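Shown next as structure tokens: one chain only, the form deposited in one PDB entry.
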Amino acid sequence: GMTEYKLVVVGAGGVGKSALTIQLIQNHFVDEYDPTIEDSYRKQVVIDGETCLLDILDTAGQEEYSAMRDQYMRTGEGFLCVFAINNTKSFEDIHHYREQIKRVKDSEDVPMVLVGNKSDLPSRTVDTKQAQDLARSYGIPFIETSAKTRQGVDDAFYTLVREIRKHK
């Protein structure tokens, strides 16, 4: 049967979670997508010759630490933790997202990729070295993306699928 992989995209508002997701789903850059919309989208993709079904949850909205939200995030098998390379605050929030994932999955080994988005922009405030070193601290991959140009998009999502396969 075709394996389905439940992937969750997290990170500060405005980093490009929706743009990245819609790039994967539509193969089109969408510069405007209602920042409140949290939803899930499926795509069949060929990853290393295997057609698998991706189910991507593009998260949005305020923090909610209810039992219900924790149960829903626990459905995720892997997580993209996204920051924007021109927004320091978004990078400094990454540890919070990683800590919430570790808590809800009750594991120090959750499949995860660190994503530095907006790589097409000239306004960098987060050095690539600093981001690579954060991923090294966590023992996870780091991928540089642009939802605008499609740089890194398959790399981010497909690496996460390979991380889940190694974990299973």
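Numbers for residues come from their place in the sequence shown, where the first is 1.
The stretch 70 to 78 shows the higher mean C-alpha B-factor when 86 to 94 is compared against 70 to 78 in the entry. For the pair 100 to 108 and 114 to 122, the mean B factor over Cα atoms is greater in 100 to 108. Note on the listed residues 26, 59, 62, 132: the highest Cα temperature factor in the record is that of 62. Which of 137, 40, 36, 51 has the largest Cα B-factor in the deposited entry comes down to 51.
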